[PDB]
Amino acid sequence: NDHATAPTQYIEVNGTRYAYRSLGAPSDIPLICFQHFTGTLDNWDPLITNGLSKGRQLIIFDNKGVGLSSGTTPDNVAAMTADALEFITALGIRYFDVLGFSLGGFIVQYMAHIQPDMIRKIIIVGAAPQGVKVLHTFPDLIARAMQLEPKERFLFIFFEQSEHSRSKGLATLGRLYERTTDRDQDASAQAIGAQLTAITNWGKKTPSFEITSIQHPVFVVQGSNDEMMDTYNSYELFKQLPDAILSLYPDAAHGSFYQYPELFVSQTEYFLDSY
């Protein structure tokens, strides 16, 4: 099954119903994907999920409380990580690669810290380490974005100011139209508030683990100017991690991999299959 056709599946775990999809053929080391702020199953780019599922099983899921997943979204990354782990382990998956975008990129760092032996390789897109000052103003970034209707809100959050970047943003919106049937619910107000809290506190709280201690192979992707996360913080990830490859994409922003999805797939497929 591809992105458009994979059915939404459900699994009950410790009193929570998790909604998920499995793309591609089943494989021994699946890639588990962790979504951005407010995103649901339908915010994944089909070019990326189709492209990466050619070579491995790919799992996309709604964490607790998000979209068609039941329950209450917790207010912190550590709890989101524990919740994700209960889900993944309920599926019987013991060893896997991870791809985290934005908030999801915080979760994969924390997961690698607490459960190193369950993760093989890590992809971080559009994120930052714990403690970064830029996230102290995340609520004000969202207050600015709140004023915008959907297309402008999407371009504001994810794209650069140029016609070149914005047109690739309109292309991404169209790709998100491709799922016609059995679509996810929107995130929910409760989930959005919990995530806003969690993202802000990832920046405000003193780091709780050393980035240098994550020994896994990592592939870090970012655009030239991610306003939310600060592009330089991806260079910081690369400096502090012992085995990270960095890719920076031109004239791009927080939604770098939406801007250049085929470049991302090409790079990521090599990383997972061969690095």
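All residue numbers refer to positions in the sequence shown, first residue = 1.
- Per the PDB record, of the two stretches 90 to 98 and 167 to 175, 90 to 98 carries the greater mean B-factor over its C-alpha atoms.
- Look at the C-alpha B-factors of 26 to 34 and of 240 to 248. On average they run higher in 26 to 34.
- When the Cα B-factors of 53, 234, 224, 43 are read from the PDB record, 53 comes out highest.
- In this PDB entry, residue 116 carries a Cα temperature factor that places it within the highest third of its chain's modelled residues.
- Ranked by C-alpha B-factor against the other modelled residues of its chain, residue 60 falls in the middle third.
- Per-chain ranking of the deposited C-alpha B factor places residue 197 in the middle third.
- In this PDB entry, residue 131 carries a Cα temperature factor that places it within the middle third of its chain's modelled residues.
- Per the PDB record, residue ranking by Cα B-factor puts residue 72 in the highest third of the chain.
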